[PDB]
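Working notes, structure below.
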Amino acid sequence: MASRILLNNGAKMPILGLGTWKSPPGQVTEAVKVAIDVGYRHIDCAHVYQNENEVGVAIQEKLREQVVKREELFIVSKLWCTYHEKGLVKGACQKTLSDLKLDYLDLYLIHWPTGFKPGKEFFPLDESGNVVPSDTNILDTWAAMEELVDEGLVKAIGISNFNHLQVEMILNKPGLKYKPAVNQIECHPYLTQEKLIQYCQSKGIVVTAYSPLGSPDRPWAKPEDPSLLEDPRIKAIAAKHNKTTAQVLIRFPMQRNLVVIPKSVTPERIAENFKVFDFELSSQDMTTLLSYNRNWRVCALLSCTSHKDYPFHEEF
Ligand SMILES: NC(=O)c1ccc[n+]([C@@H]2O[C@H](COP(=O)([O-])OP(=O)(O)OC[C@H]3O[C@@H](n4cnc5c(N)ncnc54)[C@H](OP(=O)(O)O)[C@@H]3O)[C@@H](O)[C@H]2O)c1
Ligand SMILES: O=C(O)COc1cc(Cl)ccc1C(=O)NCc1ccc(I)cc1
C-alpha cells in the first residue's frame with residue numbers, strides 16, 4: 001500500500017502522521033525529532049494543544065539539519081473555536097505559522113464546527129458552566145478559510161468533527177470556492193464511523209482518523225472505560241500477525257483508505273507505530289475489527305453540548 005493519499009487540491013498527504021495532543025512541551029521536541037528521523041513526514045498540530053512552539057523547534061531543526069526538505073513534510077494545524085470570526089482567522093493562522101516556524105501549512109482545519117466567544121479563554125463559560133457561543137456560522141468561517149488558500153498561508157483547507165449534515169452544508173455552500181480536502185474525526189474499532197466515512201469518501205473528502213488507540217491518556221478517562229489496547233480480541237489478531245495491538249489499530253484505518261495520526265512521546269513507540277507498512281490485515285480481520293463498534297467516543301464534552309452546532313446529536 002502506498003504511503004500517501006491524493007487530496008482534492010492535487011497534493012499528496014502521508015497516510016501516517018504523528019499526533020501531538022497531550023504531548024508535554026518538554027518532551028514533544030524530541031518526539032517530533034525522533035519521528036522525522038524514523039520516517040514520519042506528517043505531524044498533526046493545533047493551537048489549542050499549547051505546544052506548537054516546541055513542535056516547531058523540532059521541525060526547524062530537522063529542516064536546518066537537512067534531514068528532510070520542507071516540500072517532503074506535511075504539517076497540519078487547526079483553527080480553534082474562539083477564532084471563528086472573519087477578522088480573527090488570518091491572525092490565528094499566522095500565530096500558528098509563527099510558532100511552528102513555517103511559511104505555510106499543508107493543511108489547516110476548522111477544529112470543531114462550533115464557534116465560541118473570542119477572548120483569552122479557550123472554553124469561555126457562563127456562570128452555569130455552558131460554553132458561550134459566537135454567532136458565527138460554519139459557512140462564513142469556511143469563506144475565511146478559503147481566503148487563507150488565496151493568500152498563500154495554507155495549501156489545503158478542511159474540517160474536523162463535522163457531522164454528515166455539517167459536511168453537506170459546506171458542500172452545498174452558495175458560492176463555494178474550495179471543497180474541504182479532509183474531515184478529521186474520531187475513529188477506531190469502538191467507533192467505526194461507517195456512515196460518515198462512506199459519505200465523505202463518496203464526495204472525494206479524505207478522512208483522517210484521530211484517537212486510533214482510544215486515547216488512553218485523555219484527561220477524562222475513567223478506570224472503567226473500554227480499552228482497545230487491552231482488548232483480548234484485538235490482541236489475538238495482533239498475535240496472529242506477529243505485530244503489537246497498537247500496530248493493528250494503526251493498520252486498520254490505513255486499509256479503509258483513511259489517514260491515521262497516533263500520538264506518542266515514547267521514542268520506542270514512535271518507531272513501533274511507524275512499522276505498519278509491511279503487513280496486511282485480511283478482509284475477515286477488517287470485518288471482525290469493524291464488528292467491535294459500540295459507538296463509544298473519546299472526544300465529547302458536556303459543557304459544549306447545547307451549542308447550536310455541537311456535532312454529536314445527529315446519528316452521524
Ligand atoms: N481533531 C480533533 O478534535 C482531535 C481530537 C483528538 C485527537 N486528535 C489528534 O489525534 C491524535 C491522536 O489521538 P489521541 O492523542 O487522542 O490518542 P491516541 O493516539 O489514540 O493514543 C495516545 C496514547 O496511546 C499511547 N501509545 C501510543 N503508541 C502506543 C503503543 N505503541 N503502545 C502502547 N501505547 C501507545 C500514548 O502513550 P505515550 O505518548 O506515553 O507513548 C498515549 O497515551 C492527537 O494527539 C491529536 O493530534 C485530534
Ligand atoms: O479537541 C481536540 O483536539 C482534543 O480535545 C481537547 C483538546 C484540548 Cl487541548 C482541550 C480540550 C479538548 C476537549 O475537551 N475535547 C472534547 C471536545 C468536544 C467537543 C467540543 I465543540 C470541544 C471539545
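Chain identifiers are assigned as A, B, and so on, following the order in which chains appear in the C-alpha cells; residues are numbered from 1 within each chain, and ligands are numbered from 1 in order of appearance.
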Next on the checklist: With only C-alpha atoms as the counted atoms, please give the residues lying no more than 10 Å from residue 302 of chain A, apart from itself and same-chain residues fewer than 6 positions off, as number ranges by chain.
Outcome noted: A: 129-131
Checklist entry - When the cut-off is 6 Å and you count only C-alpha atoms and all ligand atoms, which residues lie near ligand 1, shown as a list in words? => result residues 19, 20, 21, 44, 45, 111, 160, 184, 210, 211, 212, 213, 214, 215, 216, 217, 246, 261, 262, 263, 264, 265, 266, 269, 272 and 273 of chain A
Checklist entry - Using only C-alpha atoms, which of the listed residues (A:46, A:37, A:64, A:104) sits closest to residue 77 of chain A? => result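 Looking only at the distances to residue 77 of chain A, the closest residue turns out to be A:46.
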Next on the checklist: Let me see if you get this right: every residue at most 8 Å from ligand 2, counting only C-alpha atoms and all ligand atoms, written as an MDAnalysis selection string.
Outcome noted: chainID A and resid 21:22 46 48:50 81 111:115 298:302 304:305 307 309:311
Only C-alpha atoms, please: the residues just picked out, written as a compact mmCIF listing (two decimals), in the first residue's frame.
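Here's the written file out-v2.txt:
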# COMPACT_ATOMS: atom_id res chain seq x y z
CA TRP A 21 -2.32 16.49 21.72
CA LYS A 22 -1.15 15.98 25.35
CA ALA A 46 -3.23 22.55 16.95
CA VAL A 48 -5.24 24.67 21.48
CA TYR A 49 -2.68 21.94 22.29
CA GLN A 50 -0.37 24.73 23.61
CA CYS A 81 -13.23 27.69 18.29
CA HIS A 111 -11.03 22.25 14.62
CA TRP A 112 -14.71 21.96 15.65
CA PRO A 113 -17.85 23.24 13.89
CA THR A 114 -18.74 25.38 16.94
CA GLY A 115 -17.61 28.99 17.31
CA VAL A 298 -13.21 9.64 23.46
CA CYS A 299 -13.94 13.09 22.35
CA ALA A 300 -17.10 14.72 23.58
CA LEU A 301 -17.72 17.49 26.09
CA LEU A 302 -20.79 18.18 28.21
CA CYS A 304 -20.45 22.35 24.79
CA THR A 305 -23.50 20.15 24.12
CA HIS A 307 -24.13 24.92 21.29
CA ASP A 309 -23.59 23.46 16.12
CA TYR A 310 -22.45 20.78 18.59
CA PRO A 311 -21.86 17.83 16.26
Report as a PDB file with N, CA, C and O atoms, in the first residue's frame all protein, DNA and RNA residues lying within 8 Å of residue 253 of chain A, evaluated on only C-alpha atoms, omitting residues in the same chain fewer than 5 positions from it.
ATOM      1  N   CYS A 187     -11.991   7.858  15.171  1.00  0.00           N
ATOM      2  CA  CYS A 187     -12.321   6.595  14.527  1.00  0.00           C
ATOM      3  C   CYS A 187     -11.400   5.495  15.019  1.00  0.00           C
ATOM      4  O   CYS A 187     -10.178   5.658  15.008  1.00  0.00           O
ATOM      5  N   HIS A 188     -12.005   4.374  15.425  1.00  0.00           N
ATOM      6  CA  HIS A 188     -11.287   3.226  15.966  1.00  0.00           C
ATOM      7  C   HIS A 188     -12.306   2.078  16.051  1.00  0.00           C
ATOM      8  O   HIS A 188     -13.485   2.269  15.742  1.00  0.00           O
ATOM      9  N   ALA A 209      -8.428   9.630  10.742  1.00  0.00           N
ATOM     10  CA  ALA A 209      -8.838   9.004  11.997  1.00  0.00           C
ATOM     11  C   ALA A 209      -7.959   9.485  13.148  1.00  0.00           C
ATOM     12  O   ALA A 209      -6.748   9.229  13.170  1.00  0.00           O
ATOM     13  N   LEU A 258      -8.095   5.554   5.038  1.00  0.00           N
ATOM     14  CA  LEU A 258      -8.017   6.684   5.952  1.00  0.00           C
ATOM     15  C   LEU A 258      -6.553   7.050   6.205  1.00  0.00           C
ATOM     16  O   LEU A 258      -5.637   6.229   6.066  1.00  0.00           O
ATOM     17  N   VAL A 259      -6.366   8.305   6.591  1.00  0.00           N
ATOM     18  CA  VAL A 259      -5.132   8.781   7.202  1.00  0.00           C
ATOM     19  C   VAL A 259      -5.271   8.534   8.710  1.00  0.00           C
ATOM     20  O   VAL A 259      -6.386   8.576   9.236  1.00  0.00           O
ATOM     21  N   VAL A 260      -4.167   8.265   9.405  1.00  0.00           N
ATOM     22  CA  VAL A 260      -4.235   7.973  10.836  1.00  0.00           C
ATOM     23  C   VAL A 260      -3.069   8.661  11.552  1.00  0.00           C
ATOM     24  O   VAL A 260      -1.950   8.721  11.019  1.00  0.00           O
TER      25      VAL A 260
END
Checklist entry - If we count only C-alpha atoms, what is near residue 277 of chain A at a cut-off of 8 Å, once residues fewer than 2 positions away on the same chain are taken out, given as a ChimeraX atom specification? => result /A:1,251,274-275,279
Any chance you could export the current selection's N, CA, C and O atoms as a PDB file, in the first residue's frame?
ATOM      1  N   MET A   1       0.821  -1.205   0.000  1.00  0.00           N
ATOM      2  CA  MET A   1       0.000   0.000   0.000  1.00  0.00           C
ATOM      3  C   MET A   1       0.860   1.263   0.000  1.00  0.00           C
ATOM      4  O   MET A   1       1.830   1.363   0.751  1.00  0.00           O
ATOM      5  N   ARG A 251      -2.853   0.018  11.465  1.00  0.00           N
ATOM      6  CA  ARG A 251      -3.035  -0.550  10.134  1.00  0.00           C
ATOM      7  C   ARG A 251      -4.516  -0.583   9.716  1.00  0.00           C
ATOM      8  O   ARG A 251      -4.841  -0.423   8.538  1.00  0.00           O
ATOM      9  N   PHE A 274       5.321   3.294  13.427  1.00  0.00           N
ATOM     10  CA  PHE A 274       5.610   3.529  12.016  1.00  0.00           C
ATOM     11  C   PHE A 274       5.808   2.228  11.231  1.00  0.00           C
ATOM     12  O   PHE A 274       5.768   2.240   9.999  1.00  0.00           O
ATOM     13  N   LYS A 275       6.017   1.117  11.939  1.00  0.00           N
ATOM     14  CA  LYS A 275       6.331  -0.166  11.301  1.00  0.00           C
ATOM     15  C   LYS A 275       5.047  -0.929  10.966  1.00  0.00           C
ATOM     16  O   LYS A 275       4.764  -2.016  11.491  1.00  0.00           O
ATOM     17  N   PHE A 279       2.786  -5.400   6.572  1.00  0.00           N
ATOM     18  CA  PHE A 279       1.863  -6.500   6.818  1.00  0.00           C
ATOM     19  C   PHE A 279       0.471  -6.074   6.405  1.00  0.00           C
ATOM     20  O   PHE A 279       0.205  -4.881   6.255  1.00  0.00           O
TER      21      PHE A 279
END
Checklist entry - Taking only C-alpha atoms into account, which of A:39, A:10, A:25, A:232 comes nearest residue 55 of chain A? => result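 Closest candidate: A:25.
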Checklist entry - So which bits of segment 44-288 of chain A end up strand (DSSP E) when you DSSP the backbone, as a PyMOL selection string? => result chain A and resi 44+74-79+107-110+157-160+182-186+206-210+259-260
Please dump the current selection as an mmCIF file, in the first residue's frame; keep N, CA and C atoms.
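And here is the file that came out, out_18.cif:
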data_model
loop_
_atom_site.group_PDB
_atom_site.id
_atom_site.type_symbol
_atom_site.label_atom_id
_atom_site.label_comp_id
_atom_site.auth_asym_id
_atom_site.auth_seq_id
_atom_site.Cartn_x
_atom_site.Cartn_y
_atom_site.Cartn_z
ATOM 1 N N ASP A 44 0.498 16.211 13.111
ATOM 2 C CA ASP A 44 -0.803 16.808 13.404
ATOM 3 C C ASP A 44 -0.693 17.688 14.643
ATOM 4 N N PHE A 74 4.445 17.327 5.678
ATOM 5 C CA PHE A 74 3.025 17.634 5.583
ATOM 6 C C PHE A 74 2.575 18.033 6.992
ATOM 7 N N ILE A 75 2.497 19.346 7.221
ATOM 8 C CA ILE A 75 2.206 19.867 8.548
ATOM 9 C C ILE A 75 0.761 20.367 8.584
ATOM 10 N N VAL A 76 0.020 19.865 9.574
ATOM 11 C CA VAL A 76 -1.393 20.153 9.746
ATOM 12 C C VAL A 76 -1.598 20.926 11.048
ATOM 13 N N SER A 77 -2.400 21.985 11.004
ATOM 14 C CA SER A 77 -2.883 22.578 12.241
ATOM 15 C C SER A 77 -4.368 22.919 12.102
ATOM 16 N N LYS A 78 -4.909 23.555 13.141
ATOM 17 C CA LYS A 78 -6.346 23.711 13.269
ATOM 18 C C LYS A 78 -6.667 25.052 13.923
ATOM 19 N N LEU A 79 -7.711 25.682 13.395
ATOM 20 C CA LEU A 79 -8.277 26.934 13.881
ATOM 21 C C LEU A 79 -9.149 26.649 15.105
ATOM 22 N N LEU A 107 -2.057 21.795 5.492
ATOM 23 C CA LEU A 107 -3.487 21.627 5.719
ATOM 24 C C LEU A 107 -3.868 22.382 6.978
ATOM 25 N N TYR A 108 -4.952 23.153 6.886
ATOM 26 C CA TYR A 108 -5.479 23.885 8.030
ATOM 27 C C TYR A 108 -6.953 23.524 8.171
ATOM 28 N N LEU A 109 -7.332 23.080 9.372
ATOM 29 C CA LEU A 109 -8.670 22.574 9.622
ATOM 30 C C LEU A 109 -9.465 23.500 10.535
ATOM 31 N N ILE A 110 -10.776 23.591 10.295
ATOM 32 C CA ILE A 110 -11.671 24.108 11.331
ATOM 33 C C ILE A 110 -11.759 23.016 12.412
ATOM 34 N N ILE A 157 -7.333 23.320 2.862
ATOM 35 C CA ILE A 157 -8.201 23.559 3.995
ATOM 36 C C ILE A 157 -9.156 22.385 4.169
ATOM 37 N N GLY A 158 -9.579 22.185 5.408
ATOM 38 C CA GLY A 158 -10.509 21.125 5.730
ATOM 39 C C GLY A 158 -11.227 21.388 7.033
ATOM 40 N N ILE A 159 -11.893 20.332 7.503
ATOM 41 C CA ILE A 159 -12.797 20.407 8.627
ATOM 42 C C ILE A 159 -12.487 19.261 9.589
ATOM 43 N N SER A 160 -13.001 19.369 10.810
ATOM 44 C CA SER A 160 -12.764 18.345 11.819
ATOM 45 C C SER A 160 -13.978 18.282 12.727
ATOM 46 N N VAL A 182 -10.224 17.400 3.666
ATOM 47 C CA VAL A 182 -10.155 16.414 4.740
ATOM 48 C C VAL A 182 -11.259 16.708 5.745
ATOM 49 N N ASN A 183 -11.829 15.640 6.319
ATOM 50 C CA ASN A 183 -12.586 15.716 7.571
ATOM 51 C C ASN A 183 -11.871 14.800 8.566
ATOM 52 N N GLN A 184 -11.353 15.390 9.638
ATOM 53 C CA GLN A 184 -10.635 14.659 10.670
ATOM 54 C C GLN A 184 -11.611 14.344 11.813
ATOM 55 N N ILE A 185 -11.820 13.050 12.075
ATOM 56 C CA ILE A 185 -12.830 12.596 13.024
ATOM 57 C C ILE A 185 -12.274 11.465 13.879
ATOM 58 N N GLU A 186 -12.891 11.256 15.036
ATOM 59 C CA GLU A 186 -12.534 10.137 15.884
ATOM 60 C C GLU A 186 -12.896 8.833 15.179
ATOM 61 N N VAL A 206 -11.016 13.246 1.994
ATOM 62 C CA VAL A 206 -10.217 12.246 2.694
ATOM 63 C C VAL A 206 -10.500 12.335 4.189
ATOM 64 N N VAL A 207 -10.684 11.179 4.819
ATOM 65 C CA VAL A 207 -10.935 11.140 6.247
ATOM 66 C C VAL A 207 -9.644 10.798 6.994
ATOM 67 N N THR A 208 -9.353 11.599 8.022
ATOM 68 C CA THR A 208 -8.296 11.285 8.977
ATOM 69 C C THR A 208 -8.918 10.782 10.274
ATOM 70 N N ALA A 209 -8.428 9.630 10.742
ATOM 71 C CA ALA A 209 -8.838 9.004 11.997
ATOM 72 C C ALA A 209 -7.959 9.485 13.148
ATOM 73 N N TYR A 210 -8.591 10.163 14.105
ATOM 74 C CA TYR A 210 -7.916 10.531 15.334
ATOM 75 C C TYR A 210 -8.281 9.580 16.482
ATOM 76 N N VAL A 259 -6.366 8.305 6.591
ATOM 77 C CA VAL A 259 -5.132 8.781 7.202
ATOM 78 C C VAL A 259 -5.271 8.534 8.710
ATOM 79 N N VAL A 260 -4.167 8.265 9.405
ATOM 80 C CA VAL A 260 -4.235 7.973 10.836
ATOM 81 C C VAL A 260 -3.069 8.661 11.552
#
Next on the checklist: Taking 2 positions as the minimum chain separation for residues in the same chain, which residues sit within 10 Å of segment 282-285 of chain A when counting only C-alpha atoms? Answer as a ChimeraX atom specification.
Outcome noted: /A:234,237,248,252,255,279-280,287-291
